[PDB]
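>
Residue numbers (the authors' numbering), protein chains in the order written: chain Q, 47 to 133; chain s, 31 to 75.
#1: Under a three-way DSSP split, which group does residue 84(Q) fall into?
#2: 8 Å is my cut-off, CB to CB: does residue 73(s) come that close to chain Q?
#3: Would you mind working out which of 65(Q), 114(Q) and 81(Q) sits nearest residue 75(Q), comparing C-alpha positions?
#4: Given that residue 124(Q) touches chain s, what residues does it touch there, using C-beta distances under 7 Å?
#5: Pick out whichever of 131(Q), 133(Q), 132(Q) and 125(Q) has its Cα sitting closest to the Cα of residue 71(s).
#6: So the alpha helix (DSSP H) residue 98(Q) belongs to, where does it begin and stop?
#7: Within its chain, find whatever has a CB closer than 8 Å to the CB of residue 63(Q); leave out the 5 residues flanking it on each side and keep chain order.
#8: From residue 104(Q) to residue 72(Q), what distance separates their C-alpha atoms?
#9: Between the stretch 79–90 of chain Q and the stretch 50–59 of chain Q, can you find at least three pairs of beta-carbon atoms closer than 8 Å?
#10: Expressed to the nearest angstrom, what Euclidean distance is found between the alpha-carbon atoms of residue 69(s) and residue 47(Q)?
#11: Taking Cβ positions only, does residue 62(Q) come closer than 8 Å to chain s?
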């Protein structure tokens with residue numbers, strides 16, 4: 047339920063091939079940027095860094111939970127379907 | 031009839047059967063006034 051990991055913008059690159067090491071079966075890679083994650087305070091800061099380094103970027107707009115009306119008294123309603131059968 | 035305070039007058043419950051309460055509740059059904067209506071058959075309706 048914590049929301050502390052959804053407060054900063056991040057910049058991750060596309061995933062490249064990982065194969066199986068013939069000796070031990072480990073996960074091998076040839077992508078130097080497979081573990082590169084950058085943190086930005088704002089979307090415009092992230093876009094500025096991407097364009098400065100020449101990378102092509104796709105921006106996903108932030109998704110914020112919408113405010114919700116929560117009433118504990120609706121659990122016991124005279125004529126509504128919000129009455130709960132168990133507590 | 032004279033004031034007597036030396037006998038237990040609550041002896042009717044010595045012979046109450048298992049259905050006594052429900053039998054009385056069944057007799058108190060023609061006196062009850064009509065119940066209010068929620069508007070639906072149940073909360074799940």
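Virtual Cβ for every residue (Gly too), placed ideally from N, Cα, C.
Let's see:
#1: strand
#2: yes
#3: 65(Q)
#4: 68
#5: 125(Q)
#6: 89–98
#7: 75, 76 and 77
#8: 31 Å
#9: yes
#10: 38 Å
#11: no
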